[PDB]
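Report on one structure; see the data block that follows.
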Amino acid sequence: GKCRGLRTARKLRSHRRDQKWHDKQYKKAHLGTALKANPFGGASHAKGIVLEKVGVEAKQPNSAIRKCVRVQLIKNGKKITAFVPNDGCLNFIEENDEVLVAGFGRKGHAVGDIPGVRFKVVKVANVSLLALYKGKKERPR
Amino acid sequence: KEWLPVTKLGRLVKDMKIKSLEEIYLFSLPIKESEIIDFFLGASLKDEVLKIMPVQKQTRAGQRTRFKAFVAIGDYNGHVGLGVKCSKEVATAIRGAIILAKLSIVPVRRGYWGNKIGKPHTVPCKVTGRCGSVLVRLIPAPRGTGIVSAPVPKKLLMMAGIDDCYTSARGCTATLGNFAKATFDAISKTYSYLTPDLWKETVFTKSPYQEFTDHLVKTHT
Amino acid sequence: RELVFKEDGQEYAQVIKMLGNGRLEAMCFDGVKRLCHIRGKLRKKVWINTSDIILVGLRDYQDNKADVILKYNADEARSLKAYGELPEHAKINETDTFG
Amino acid sequence: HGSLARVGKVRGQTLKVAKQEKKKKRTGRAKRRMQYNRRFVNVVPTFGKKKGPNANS
Amino acid sequence: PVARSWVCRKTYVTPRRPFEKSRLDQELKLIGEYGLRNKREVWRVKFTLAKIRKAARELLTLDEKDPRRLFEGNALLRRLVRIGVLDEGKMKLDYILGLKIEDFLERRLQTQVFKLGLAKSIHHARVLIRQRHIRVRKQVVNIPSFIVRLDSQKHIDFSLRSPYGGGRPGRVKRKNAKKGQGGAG
RNA sequence: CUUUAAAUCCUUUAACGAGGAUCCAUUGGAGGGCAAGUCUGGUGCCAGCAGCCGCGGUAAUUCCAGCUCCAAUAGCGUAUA
């Protein structure tokens, strides 16, 4: 520290508060902007309705297409873009089918070579995608 | 496969007229022959690699890679050493590193934590070794605690014989060479710290050279 | 080399104008303006000029974006014009590489 | 071909083979007993670097 | 408001490094040597010894000639002597820090049955403890993690209702005798 | 039989109740971080894997399947504060 007086606690406190406000994580966690602009709104999982299935491309050093869906939310109705994880699971998703989206790994940040997608799907038609992969459960009919 | 010394220290250890390496450490004589410590420290002197890293030199045609080898030497009841060597091949680098580490070995003393019971087990004071930006700080620890550190000063303190440590590091610890050299410097600086348990005036014991002038003239020119 | 045709999933398109960003646009012979994308192995190994013949990959989840498969130079173009794969409103206009 | 970016193409075209019928594996305490057995008390003093349990070169 | 307890705590701690060779080999060696089930038991014994060592260091921090230091030191020393991992000659507080985890694993009921001579192997000792064949002072024990005391080591013996210690024969012996009497008459 | 307002649960206890003791232990991985295959077959910058570096171009130590194995174990993995 710099201020080393015996009767100095206030300058230390106010300077520590100001330099704590001059941060990124403490600025993010204590303002209403970073939660008001958050699509999940401080929630881990969310439900939604798929409207379109759009394949977005990869980044520079690798070449692929990435299978994604356009999901509108139920609680606030905004439009996000999810990402179906596994191989060949887009055939289980039909128009206007309810899904369960979740986080993608880096706390509201784009992960890997997929540009601009921060969410991924876990369950579709109120059954898990893993059980549809492993041949354990069947979609209701 | 015999030993032919080039310095008079090598001959004076070779003819069994130097009893131990302790007076070599006492009189601060430099060691230039690696078979003296092999003559003294035998089966308990074990070694292992720490990291092999490549470095590159840019030339006209392609890139030339030479391999740099780190190694640690030291028995489990005292002395410990370290050496760095770089060569074009790996076997030559590891042999030169083992020879240069065995050549340069420091002694270390051990202290107590509060109560002077039994054999000493920990560092007697707070020592600090620094090279580059790497800082390492050693704290005395109670008995039976175990070495808590990163894996490479844990290995170096096992080869130092000390089993009780509290460590604190600062800086770029990912550079293994500077971190190992800083911990080796922290170990080797434990004698340049005058505690009040040796404040008495020392008695000057007899130097080996003047004592065996007659044997040196009798053996070699 | 070998004269491969369209299958279930491929059709034919005519490139019209040049665009950047690794994308370019074409009119398929069904009569829909599609935006195809250069897929991996045709980026800098081979070039694409104005008004050529392109095999086009389709989408099973949308119809707004297309893909690229191959390219035909002059003799493949007149060969597929010999059987008939395009409406006569579109014109090949003797597309080739200039001498 | 069909098309380039088909979903489930490789796994759909992958040859389908089944499991091989085998006995059950020992679970619980005896799994650790066999692990300690094979790892420690059935060794020989070799030289050089040790070989991994999945080395099949 | 309901009348319950709501008091509980963990007895084991997970180490910070999940995958490195030496501590994994040391724990696996201890599991194989003392015939335990999983790493949670040796982590539990390490947690108990860590709490005992922390209490011993807290008592050794406080200066000599104090009432609470002498009281808690004599209480912990008497408990640690009576559990069987110390000796009356080593009746000092500064020798608590020198203990190792194998000393705590010595007084387990499984290895005590194995070392007394009531079972062939230590795994046979564990499947003897889990089987309810022995007793400790006219009362059977089923749990292999039964720590014993210095005065309780001598009194361990087979139970009354056991064919090994004299009693009713088991199910398979009675089934084979019934099969023999059926084949004979 | 015990317990309990009456039960039920636990314990005591008859007669039954296991050889591949089918009374059949899963969950995430096997390039580095970070314990553990340059094994075999298929696709060929396609499908996809990947928290990061990165892996796939018609010989993949990283994909899709089998065998071997590594970590915790009635538990393990993912997303969030």
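Going by the structure tokens order, chains are called A, B, ..., each with residues numbered from 1, while ligands are numbered from 1 in the order shown.
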- Distance query stretch 11-27 of chain C at most 12 Å, only C-alpha atoms (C1' of nucleotides), self and fewer than 6 positions along chain excluded, as a VMD selection string: (chain A and resid 57 60) or (chain C and resid 4 to 5 33 to 40 42 to 44 47 to 59 64 to 72 77 80 to 81 84 to 87 90 to 93 95) or (chain D and resid 2 to 3)
At most 9 Å is the cut-off: for each residue in chain E with any atom that close to an atom of chain D, write down the nearest atom pair and the distance in Å rounded to one decimal, counting only C-alpha atoms, chain first then increasing number, as CSV.
residue,atom,partner,partner_atom,distance
E:25,CA,D:39,CA,8.9
E:28,CA,D:36,CA,6.4
E:29,CA,D:36,CA,6.4
E:31,CA,D:32,CA,7.2
E:32,CA,D:36,CA,5.3
E:33,CA,D:36,CA,8.4
E:35,CA,D:33,CA,7.2
E:36,CA,D:29,CA,6.9
E:37,CA,D:29,CA,4.6
E:38,CA,D:29,CA,7.1
E:123,CA,D:30,CA,8.8
- Task: Can you check which residues of chain F have any atom within 8 Å of chain D? Use only C-alpha atoms (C1' of nucleotides) and format it as number ranges by chain.
- Result: F: 20, 24-25, 36-39, 42-43, 46-47, 64-66, 68-69, 73
- Message: Residues within 12 Å of residue A:15, please, as a VMD selection string. Count only C-alpha atoms (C1' of nucleotides); anything in the same chain fewer than 5 positions from it doesn't count.
- Response: chain A and resid 1 to 3 8 to 10 20 to 22
- Message: If we count only C-alpha atoms (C1' of nucleotides) and set the cut-off at 9 Å, which residues sit around residue B:169, ignoring sequence neighbours fewer than 2 positions away in its own chain? Please answer as a VMD selection string.
- Response: chain B and resid 134 to 137 149 167 171 173
Prev. selection, C-alpha atoms, output as a PDB file, in the first residue's frame:
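Saved the output as part_12.pdb:
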ATOM      1  CA  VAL B 134      11.493 -16.250 -10.639  1.00  0.00           C
ATOM      2  CA  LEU B 135      11.112 -15.950  -6.865  1.00  0.00           C
ATOM      3  CA  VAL B 136      11.018 -18.852  -4.403  1.00  0.00           C
ATOM      4  CA  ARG B 137      10.702 -18.590  -0.611  1.00  0.00           C
ATOM      5  CA  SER B 149       5.262 -27.136  -3.425  1.00  0.00           C
ATOM      6  CA  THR B 167       6.958 -22.741  -0.221  1.00  0.00           C
ATOM      7  CA  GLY B 171       6.714 -14.890 -11.391  1.00  0.00           C
ATOM      8  CA  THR B 173       6.969 -20.451 -13.025  1.00  0.00           C
TER       9      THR B 173
END
Near chain E, 12 Å: chain F residue rows, closest pairs, only C-alpha atoms (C1' of nucleotides), as JSON lines:
{"residue": "F:15", "atom": "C1'", "partner": "E:171", "partner_atom": "CA", "distance": 12.0}
{"residue": "F:16", "atom": "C1'", "partner": "E:171", "partner_atom": "CA", "distance": 10.5}
{"residue": "F:17", "atom": "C1'", "partner": "E:171", "partner_atom": "CA", "distance": 10.0}
{"residue": "F:18", "atom": "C1'", "partner": "E:172", "partner_atom": "CA", "distance": 10.8}
{"residue": "F:33", "atom": "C1'", "partner": "E:19", "partner_atom": "CA", "distance": 11.2}
{"residue": "F:34", "atom": "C1'", "partner": "E:19", "partner_atom": "CA", "distance": 6.0}
{"residue": "F:35", "atom": "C1'", "partner": "E:19", "partner_atom": "CA", "distance": 5.3}
{"residue": "F:36", "atom": "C1'", "partner": "E:19", "partner_atom": "CA", "distance": 10.7}
{"residue": "F:70", "atom": "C1'", "partner": "E:19", "partner_atom": "CA", "distance": 10.3}
{"residue": "F:71", "atom": "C1'", "partner": "E:19", "partner_atom": "CA", "distance": 7.8}
{"residue": "F:72", "atom": "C1'", "partner": "E:39", "partner_atom": "CA", "distance": 8.7}
{"residue": "F:73", "atom": "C1'", "partner": "E:38", "partner_atom": "CA", "distance": 7.9}
Those residues with N, CA, C and O atoms (P, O5', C5', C4', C3', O3' and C1' of nucleotides), as a PDB file, in the first residue's frame please?
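Writing the result to selection_7.pdb gives the following:
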ATOM      1  P     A F  15     -35.022 -73.826  10.612  1.00  0.00           P
ATOM      2  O5'   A F  15     -35.871 -74.145   9.303  1.00  0.00           O
ATOM      3  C5'   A F  15     -36.916 -75.105   9.330  1.00  0.00           C
ATOM      4  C4'   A F  15     -37.815 -74.970   8.128  1.00  0.00           C
ATOM      5  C3'   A F  15     -37.113 -74.827   6.789  1.00  0.00           C
ATOM      6  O3'   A F  15     -36.679 -76.068   6.262  1.00  0.00           O
ATOM      7  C1'   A F  15     -38.833 -73.214   6.956  1.00  0.00           C
ATOM      8  P     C F  16     -35.408 -76.127   5.280  1.00  0.00           P
ATOM      9  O5'   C F  16     -35.963 -75.538   3.908  1.00  0.00           O
ATOM     10  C5'   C F  16     -35.160 -74.692   3.103  1.00  0.00           C
ATOM     11  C4'   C F  16     -35.993 -73.887   2.140  1.00  0.00           C
ATOM     12  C3'   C F  16     -35.219 -73.197   1.030  1.00  0.00           C
ATOM     13  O3'   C F  16     -34.924 -74.062  -0.052  1.00  0.00           O
ATOM     14  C1'   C F  16     -36.719 -71.653   2.012  1.00  0.00           C
ATOM     15  P     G F  17     -33.433 -74.140  -0.648  1.00  0.00           P
ATOM     16  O5'   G F  17     -33.117 -72.648  -1.106  1.00  0.00           O
ATOM     17  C5'   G F  17     -33.767 -72.076  -2.232  1.00  0.00           C
ATOM     18  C4'   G F  17     -33.448 -70.609  -2.360  1.00  0.00           C
ATOM     19  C3'   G F  17     -31.973 -70.251  -2.305  1.00  0.00           C
ATOM     20  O3'   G F  17     -31.300 -70.461  -3.531  1.00  0.00           O
ATOM     21  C1'   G F  17     -33.155 -68.838  -0.850  1.00  0.00           C
ATOM     22  P     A F  18     -30.193 -71.618  -3.643  1.00  0.00           P
ATOM     23  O5'   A F  18     -29.006 -70.930  -4.448  1.00  0.00           O
ATOM     24  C5'   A F  18     -29.253 -70.282  -5.690  1.00  0.00           C
ATOM     25  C4'   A F  18     -27.979 -69.854  -6.382  1.00  0.00           C
ATOM     26  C3'   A F  18     -26.815 -70.844  -6.323  1.00  0.00           C
ATOM     27  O3'   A F  18     -26.120 -70.820  -7.567  1.00  0.00           O
ATOM     28  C1'   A F  18     -26.129 -68.760  -5.451  1.00  0.00           C
ATOM     29  P     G F  33       0.700 -34.487 -19.971  1.00  0.00           P
ATOM     30  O5'   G F  33      -0.057 -33.219 -19.371  1.00  0.00           O
ATOM     31  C5'   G F  33       0.650 -32.017 -19.100  1.00  0.00           C
ATOM     32  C4'   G F  33      -0.277 -30.836 -18.971  1.00  0.00           C
ATOM     33  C3'   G F  33      -1.312 -30.913 -17.860  1.00  0.00           C
ATOM     34  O3'   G F  33      -0.775 -30.547 -16.600  1.00  0.00           O
ATOM     35  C1'   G F  33      -2.331 -30.160 -19.866  1.00  0.00           C
ATOM     36  P     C F  34      -1.020 -31.463 -15.302  1.00  0.00           P
ATOM     37  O5'   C F  34      -1.407 -32.886 -15.896  1.00  0.00           O
ATOM     38  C5'   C F  34      -1.457 -34.036 -15.059  1.00  0.00           C
ATOM     39  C4'   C F  34      -2.166 -35.201 -15.711  1.00  0.00           C
ATOM     40  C3'   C F  34      -1.659 -35.610 -17.095  1.00  0.00           C
ATOM     41  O3'   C F  34      -1.727 -37.029 -17.223  1.00  0.00           O
ATOM     42  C1'   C F  34      -3.963 -35.088 -17.214  1.00  0.00           C
ATOM     43  P     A F  35      -0.499 -37.960 -16.762  1.00  0.00           P
ATOM     44  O5'   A F  35      -1.188 -39.033 -15.810  1.00  0.00           O
ATOM     45  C5'   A F  35      -0.514 -40.222 -15.422  1.00  0.00           C
ATOM     46  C4'   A F  35      -1.474 -41.380 -15.332  1.00  0.00           C
ATOM     47  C3'   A F  35      -1.860 -42.020 -16.656  1.00  0.00           C
ATOM     48  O3'   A F  35      -0.911 -42.974 -17.099  1.00  0.00           O
ATOM     49  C1'   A F  35      -3.810 -41.585 -15.396  1.00  0.00           C
ATOM     50  P     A F  36      -0.081 -42.730 -18.452  1.00  0.00           P
ATOM     51  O5'   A F  36      -0.719 -43.757 -19.487  1.00  0.00           O
ATOM     52  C5'   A F  36      -0.902 -45.122 -19.146  1.00  0.00           C
ATOM     53  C4'   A F  36      -2.250 -45.617 -19.597  1.00  0.00           C
ATOM     54  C3'   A F  36      -2.540 -45.487 -21.084  1.00  0.00           C
ATOM     55  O3'   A F  36      -1.988 -46.546 -21.848  1.00  0.00           O
ATOM     56  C1'   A F  36      -4.372 -44.650 -19.848  1.00  0.00           C
ATOM     57  P     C F  70      -5.444 -50.905 -16.237  1.00  0.00           P
ATOM     58  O5'   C F  70      -5.719 -49.342 -16.122  1.00  0.00           O
ATOM     59  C5'   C F  70      -4.683 -48.403 -16.364  1.00  0.00           C
ATOM     60  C4'   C F  70      -5.210 -46.991 -16.411  1.00  0.00           C
ATOM     61  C3'   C F  70      -6.070 -46.554 -15.238  1.00  0.00           C
ATOM     62  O3'   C F  70      -5.308 -46.187 -14.101  1.00  0.00           O
ATOM     63  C1'   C F  70      -7.070 -45.862 -17.274  1.00  0.00           C
ATOM     64  P     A F  71      -5.904 -46.412 -12.626  1.00  0.00           P
ATOM     65  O5'   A F  71      -6.991 -45.255 -12.468  1.00  0.00           O
ATOM     66  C5'   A F  71      -6.597 -43.894 -12.376  1.00  0.00           C
ATOM     67  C4'   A F  71      -7.780 -42.991 -12.129  1.00  0.00           C
ATOM     68  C3'   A F  71      -8.824 -43.509 -11.156  1.00  0.00           C
ATOM     69  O3'   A F  71      -8.457 -43.278  -9.808  1.00  0.00           O
ATOM     70  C1'   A F  71      -9.887 -42.633 -13.085  1.00  0.00           C
ATOM     71  P     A F  72      -8.958 -44.270  -8.651  1.00  0.00           P
ATOM     72  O5'   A F  72     -10.450 -43.798  -8.356  1.00  0.00           O
ATOM     73  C5'   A F  72     -10.708 -42.539  -7.754  1.00  0.00           C
ATOM     74  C4'   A F  72     -12.179 -42.209  -7.773  1.00  0.00           C
ATOM     75  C3'   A F  72     -13.108 -43.260  -7.187  1.00  0.00           C
ATOM     76  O3'   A F  72     -13.184 -43.209  -5.775  1.00  0.00           O
ATOM     77  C1'   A F  72     -13.962 -42.523  -9.259  1.00  0.00           C
ATOM     78  P     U F  73     -13.174 -44.566  -4.918  1.00  0.00           P
ATOM     79  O5'   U F  73     -14.556 -45.276  -5.281  1.00  0.00           O
ATOM     80  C5'   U F  73     -15.797 -44.721  -4.866  1.00  0.00           C
ATOM     81  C4'   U F  73     -16.945 -45.233  -5.703  1.00  0.00           C
ATOM     82  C3'   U F  73     -17.432 -46.639  -5.389  1.00  0.00           C
ATOM     83  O3'   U F  73     -18.315 -46.676  -4.280  1.00  0.00           O
ATOM     84  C1'   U F  73     -17.192 -46.376  -7.736  1.00  0.00           C
TER      85        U F  73
END
- Message: Between A:71, A:43, A:31, A:89, which residue has the minimum interatomic distance to chain F, considering only C-alpha atoms (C1' of nucleotides)?
- Response: A:43
- Task: Write down as a list in words the residues of chain C whose backbone DSSP state falls under helix (DSSP H, G or I).
- Result: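 Across chain C, those assigned helix (DSSP H, G or I) are residues 75, 76, 77, 78, 79, 80, 81, 82 and 83 of chain C.
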So that I have them on file, write out the residues from the current selection with C-alpha atoms, as a PDB file, in the first residue's frame.
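Contents of the output file selection18.pdb:
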ATOM      1  CA  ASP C  75     -16.100 -29.346 -73.541  1.00  0.00           C
ATOM      2  CA  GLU C  76     -17.948 -30.650 -70.493  1.00  0.00           C
ATOM      3  CA  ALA C  77     -20.274 -27.637 -70.846  1.00  0.00           C
ATOM      4  CA  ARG C  78     -21.111 -28.391 -74.481  1.00  0.00           C
ATOM      5  CA  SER C  79     -21.348 -32.100 -73.582  1.00  0.00           C
ATOM      6  CA  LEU C  80     -24.074 -31.497 -70.994  1.00  0.00           C
ATOM      7  CA  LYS C  81     -25.647 -29.018 -73.415  1.00  0.00           C
ATOM      8  CA  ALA C  82     -25.772 -31.885 -75.942  1.00  0.00           C
ATOM      9  CA  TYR C  83     -28.148 -34.023 -73.850  1.00  0.00           C
TER      10      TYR C  83
END
Using only C-alpha atoms (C1' of nucleotides), what does the table of chain A residues within 6 Å of chain F look like, with each row giving the shortest atom pair and its distance in Å to one decimal, sorted by chain and ascending number, as a Markdown table?
| residue | atom | partner | partner_atom | distance |
| --- | --- | --- | --- | --- |
| A:44 | CA | F:80 | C1' | 4.3 |
| A:63 | CA | F:45 | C1' | 5.0 |
| A:102 | CA | F:79 | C1' | 5.7 |
| A:103 | CA | F:79 | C1' | 5.0 |
Would you mind exporting N, CA and C atoms of the selected residues as a PDB file, in the first residue's frame?
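File part.pdb, as written:
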ATOM      1  N   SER A  44     -29.515 -21.311 -15.561  1.00  0.00           N
ATOM      2  CA  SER A  44     -28.598 -22.282 -16.144  1.00  0.00           C
ATOM      3  C   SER A  44     -29.193 -22.956 -17.373  1.00  0.00           C
ATOM      4  N   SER A  63     -12.243 -26.333 -41.743  1.00  0.00           N
ATOM      5  CA  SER A  63     -13.314 -26.217 -42.729  1.00  0.00           C
ATOM      6  C   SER A  63     -14.389 -27.251 -42.432  1.00  0.00           C
ATOM      7  N   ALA A 102     -29.018 -24.952 -22.964  1.00  0.00           N
ATOM      8  CA  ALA A 102     -28.180 -24.751 -21.793  1.00  0.00           C
ATOM      9  C   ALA A 102     -26.968 -23.918 -22.189  1.00  0.00           C
ATOM     10  N   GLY A 103     -26.014 -23.814 -21.269  1.00  0.00           N
ATOM     11  CA  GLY A 103     -24.784 -23.101 -21.543  1.00  0.00           C
ATOM     12  C   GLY A 103     -23.859 -23.892 -22.447  1.00  0.00           C
TER      13      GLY A 103
END
